[PDB]
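J.: Quick one: structure below, then a few questions.
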Amino acid sequence: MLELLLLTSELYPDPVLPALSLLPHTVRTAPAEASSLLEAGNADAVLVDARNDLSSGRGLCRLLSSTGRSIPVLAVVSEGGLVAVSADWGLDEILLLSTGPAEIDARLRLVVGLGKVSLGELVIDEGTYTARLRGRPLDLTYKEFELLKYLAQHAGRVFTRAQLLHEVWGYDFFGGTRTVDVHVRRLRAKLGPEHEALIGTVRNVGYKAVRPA
DNA sequence: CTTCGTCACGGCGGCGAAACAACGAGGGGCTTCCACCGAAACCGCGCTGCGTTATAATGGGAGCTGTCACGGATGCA
C-alpha cells in the first residue's frame with residue numbers, strides 16, 4: 001500500500017533491502033539522482049542507498065530535506081556506518097540493511113502515518129527573509145536575517161565567529177572577515193535603541209545571544 | 001541595465017592579562033638510640049717444608065754421524 005522510490009544504481013531493490021519483497025509495498029527504482037525526485041509521483045516514502053558511501057547518501061537526504069512539503073526521506077546504511085547517521089541528515093527515519101519485514105512495516109506506518117514560537121520581540125517570517133522587532137518594518141540582508149535567526153533559536157547559547165560562520169554563511173569559509181563585526185554592528189543598529197541587549201558580545205568568547213529579561 | 005549585500009580596511013577603544021615588588025611557613029640545623037660494621041681476637045689445620053728409611057745392589061745409552069765454498073786459524077813435521 002506504499003510506493004517506495006529507491007534512488008540506487010543496483011538496478012534491483014533486492015540487495016538494497018532484502019526483506020521488502022516480503023511486504024506487498026510497491027517499489028519503483030531509479031539511479032541516485034536528484035532529477036529522479038521529479039520521478040516521484042504518488043510515492044509515500046523514499047529510500048536512499050548509503051551502505052558503502054555515507055557522503056552522497058547523506059547529501060541526497062539533505063537534497064530532499066528542507067524542500068518541503070515533504071514526503072519523508074529514508075536511507076539504508078551499514079551498522080558500522082551508523083556513526084554518521086544523525087539528525088543533521090534531515091532524516092525522518094533511518095533503516096539498516098538487516099531490519100525485518102514487520103520492522104520496516106512499523107517504521108513506514110509510523111512515519112507516513114503549527115505556528116512559530118511567540119515571542120522574543122523578534123518574529124521570524126520565512127517568506128521575504130526578514131523579521132519584526134517591536135515594529136512591522138525590519139530589513140535584513142541575505143545574511144543579516146539568518147544571523148538573527150541563528151541567535152534567535154539558540155538564545156543564550158555561546159557561538160564563536162567560526163561556529164557562527166559555517167551555519168550563518170554557507171560557509172566557504174573566508175578569513176580575516178569581521179563580517180560578524182560588520183553584521184552584529186549592523187544588526188545592533190537596525191534593531192533600534194531597544195533590543196540592543198539581545199546579543200551577548202563579551203571579548204573573545206564569540207557572539208552569544210542574551211534573551212530577556 | 002539597475003540596484004542591493006558582502007566583505008575586507010582601517011581605526012577606536014576599553015578590557016585584560018602578565019610583569020613586577022611590600023614579604024612568612026616548608027627546608028636547613030638540632031639531639032637520641034641501638035641492629036650493626038668493623039674491629040679485635042681466638043682460635044684450629046691444609047699446606048709447605050723437612051727428616052728418615054738398613055741385603056746387596058759399584059761406571060751414561062745415544063747418535064748417526066754428510067752441502068758449498070772459502071779464508072783462515074790451528075796441530076804436525
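Quick note on naming: the chains in the C-alpha cells go A, B, ... in the order shown, residues restart at 1 in each chain, and ligands are numbered from 1 in order of appearance.
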Give me the residues of chain A that have any atom at most 9 Å from an atom of chain B; for each, the nearest atom pair and the distance in Å, rounded to one decimal. Use only C-alpha atoms (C1' of nucleotides), sort by chain and number, and format it as a tab-separated table.

T.:
```
residue	atom	partner	partner_atom	distance
A:141	CA	B:5	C1'	6.3
A:142	CA	B:5	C1'	6.8
A:143	CA	B:5	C1'	8.1
A:176	CA	B:8	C1'	7.5
A:177	CA	B:8	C1'	6.2
A:178	CA	B:8	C1'	7.7
A:179	CA	B:7	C1'	6.6
A:182	CA	B:7	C1'	8.7
A:203	CA	B:15	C1'	7.6
```

J.: For stretch 5-18 of chain A, find every residue with an atom within 9 Å (counting only C-alpha atoms (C1' of nucleotides)), except residues of its own chain fewer than 3 positions away, and show them as a ChimeraX atom specification.

T.: /A:21-22,26-34,36-37,39-40,43-51,76,96-101

J.: Suppose we keep C-alpha atoms; can you now write the selection as a PDB file, in the first residue's frame?

T.:
```
ATOM      1  CA  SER A  21       9.682  -8.167  -1.095  1.00  0.00           C
ATOM      2  CA  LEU A  22       8.035  -9.958   1.854  1.00  0.00           C
ATOM      3  CA  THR A  26       5.367  -1.351  -4.492  1.00  0.00           C
ATOM      4  CA  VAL A  27       8.962  -0.291  -5.194  1.00  0.00           C
ATOM      5  CA  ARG A  28       9.904   2.000  -8.075  1.00  0.00           C
ATOM      6  CA  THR A  29      13.630   2.263  -8.778  1.00  0.00           C
ATOM      7  CA  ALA A  30      15.897   4.836 -10.425  1.00  0.00           C
ATOM      8  CA  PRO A  31      19.585   5.754 -10.037  1.00  0.00           C
ATOM      9  CA  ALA A  32      20.627   8.029  -7.173  1.00  0.00           C
ATOM     10  CA  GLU A  33      19.793  11.262  -8.995  1.00  0.00           C
ATOM     11  CA  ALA A  34      18.139  14.481  -7.881  1.00  0.00           C
ATOM     12  CA  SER A  36      14.594  11.296 -10.282  1.00  0.00           C
ATOM     13  CA  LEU A  37      12.985  13.181  -7.425  1.00  0.00           C
ATOM     14  CA  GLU A  39      10.299  10.776 -10.939  1.00  0.00           C
ATOM     15  CA  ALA A  40       8.270  10.827  -7.697  1.00  0.00           C
ATOM     16  CA  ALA A  43       5.237   7.834  -3.649  1.00  0.00           C
ATOM     17  CA  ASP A  44       4.546   7.596   0.081  1.00  0.00           C
ATOM     18  CA  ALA A  45       8.179   7.245   1.158  1.00  0.00           C
ATOM     19  CA  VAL A  46      11.631   7.257  -0.399  1.00  0.00           C
ATOM     20  CA  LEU A  47      14.716   5.189   0.454  1.00  0.00           C
ATOM     21  CA  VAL A  48      18.276   6.172  -0.446  1.00  0.00           C
ATOM     22  CA  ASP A  49      21.181   3.724  -0.514  1.00  0.00           C
ATOM     23  CA  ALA A  50      24.121   4.795   1.654  1.00  0.00           C
ATOM     24  CA  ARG A  51      25.536   1.406   2.632  1.00  0.00           C
ATOM     25  CA  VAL A  76      19.780   2.464   4.289  1.00  0.00           C
ATOM     26  CA  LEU A  96      19.528  -0.692   8.340  1.00  0.00           C
ATOM     27  CA  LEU A  97      20.122  -3.302   5.627  1.00  0.00           C
ATOM     28  CA  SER A  98      19.148  -6.029   8.133  1.00  0.00           C
ATOM     29  CA  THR A  99      15.847  -4.686   9.511  1.00  0.00           C
ATOM     30  CA  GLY A 100      12.978  -7.181   9.382  1.00  0.00           C
ATOM     31  CA  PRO A 101       9.778  -7.001   7.310  1.00  0.00           C
TER      32      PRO A 101
END
```

J.: Could you pull out the helix (DSSP H, G or I) residues of stretch 33-211 of chain A, going by DSSP on the backbone, and write them as a VMD selection string?

T.: chain A and resid 35 to 37 54 to 64 87 to 89 101 to 111 146 to 153 161 to 168 179 to 187 196 to 198
